[PDB]
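**Q** the data below comprise the sequence and an experimental structure of the protein.
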Amino acid sequence: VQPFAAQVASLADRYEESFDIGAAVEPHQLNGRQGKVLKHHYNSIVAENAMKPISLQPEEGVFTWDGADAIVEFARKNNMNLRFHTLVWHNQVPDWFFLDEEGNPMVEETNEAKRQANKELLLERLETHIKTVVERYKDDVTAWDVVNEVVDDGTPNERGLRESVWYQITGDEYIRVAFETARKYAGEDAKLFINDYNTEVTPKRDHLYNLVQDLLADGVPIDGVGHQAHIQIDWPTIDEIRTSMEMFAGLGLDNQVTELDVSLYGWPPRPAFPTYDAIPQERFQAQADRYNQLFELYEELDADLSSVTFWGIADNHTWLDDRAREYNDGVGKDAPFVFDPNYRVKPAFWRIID
Ligand SMILES: [Mg+2]
Ligand code: NA
């Protein structure tokens, strides 16, 4: 039996010369055993869900602040940094954004002049959402995910930009307006990030590189790249990870790891073990070696890496379980973190605290 998390060395303190150590949280986790683990080990937090656009402005002019406020309060009380996830995304985003003045979807519009008016209305709505949110949280947030997942996994257009509703209505303009709006209301010292998954592999990596180069050339304020790092044991390679961070550091950008989890599976995650108990020791060992190499790379790169956030605290709460159940008939368990479902350490803990 492994010791409890509160009996081992703080991860945040272990990494205090290199980068923050963060966790994605929900408001209900900010007391009890999670509360304790958080305070002991972490010096940054992010909202898993409560600061996404639909969580903050579910109807126009109607702001729901309480979950988000509770997260901010917890960070302040415990002297934690706070990442804002996220100003702009194509999911968990309210439908009302994308409806024209008569209530019909803007994407359906064929008259070029009405389309231009729709583009301007959506951009103005985006600006209002950003202005309102940034005004409330500008003195708490230490890193903004200003846009999330705006780059495509393939190449549907020459710039590799995701053809979401934002793109269909505004082209790339939503991205420019989101950064400029955030800079304007948060101030010059605010740290603005473009966040995405699979930043280590091509062609996405290069499309993202080209996008940030382009926007920097136009004076669009971007401070860094957020690497979600939803990764596996063998993929991507350490070198793929390294190369991606070095490329962005080459443009004068900061890197953060924002949503780290190390799945026990491939993609899709099948076959998956049905219970935590069913997972063999070998999975935890191979994960531990993987985590060792990750954190050695993060330390080597620490001039260009300011924060490493995990997408959860302990293995009792992870969205990888939703994915395992989805691809295995509603039955499956992943185990991505250094802390097990009882808040005891896992073999990976030892390999990143040393
Ligand atoms: Mg180590
Ligand atoms: Na650093």
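**A** Sure thing, it's come through. Residues are numbered from 1 along each chain as shown. Ligands and ions are numbered 1, 2, ... in the order given.
**Q** any idea which helix or strand comes after the strand ranked longest in the chain?
**A** Counting residues, the longest strand found in the chain (DSSP state E) is strand 254-262. Using DSSP states H and E, the helix or strand that follows strand 254-262 in sequence is helix 281-300.
**Q** residues near the residue of the stretch 51-200 of the chain found nearest ligand 1, how many?
**A** Nearest to ligand 1 in the stretch 51-200 of the chain, going by CB to the ion, is residue 200, at a distance of 20.6 Å. No exception for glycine: its C-beta is placed from N, CA and C like everyone else's. A count of nearby residues for residue 200, using other CB atoms under 10 Å, gives 21.
**Q** got the residues of this protein near ligand 1?
**A** In this structure, the chain approaches ligand 1 at residues 292, 351, 354, judged by CB under 5 Å from the ion.
**Q** report the buried members of the residues you listed.
**A** In these, burial by neighbour count holds for 292, 351, counting by 16 or more other CB atoms under 10 Å.
**Q** out of the residues of the chain next to ligand 1, who's nearest residue 227?
**A** Comparing those against residue 227 with CB to CB places residue 292 closest, at 18.4 Å.
**Q** so what's the closest one up against?
**A** Residue 292 sits next to 348, 351-352 when contact means CB atoms under 8 Å, 6 or more residues apart in numbering.
**Q** and the gap between it and ligand 2?
**A** From residue 292 across to ligand 2, the span is 19 Å (CB to the ion, to the nearest Å).
**Q** then residue 278?
**A** Taken as CB to the ion, the span from residue 278 to ligand 2 is 38 Å.
**Q** coming back round to it: so the residue of the stretch 51-200 of the chain closest to ligand 1 sits in a helix?
**A** No. Assessed with DSSP: H, G, I helix; E, B strand; the rest coil, residue 200 is coil; it does not lie in a helix.
**Q** which residues does it contact?
**A** By CB under 8 Å, 6+ apart, residue 200 lies in contact with 227, 231, 236-237, 240-241, 243-244.
**Q** for it, phi and psi?
**A** Dihedral angles of residue 200 (phi, psi; degrees, to the nearest 10) stand at phi -100, psi -10.
**Q** the contacts of residue 292 in helices, which ones?
**A** Among these, the members found in helices (DSSP state H) are 348, 351-352.
**Q** out of those residues, the closest to ligand 2 would be?
**A** Of all the ones in helices among the contacts of residue 292, residue 352 has the smallest distance to ligand 2: 15.8 Å, by CB to the ion.
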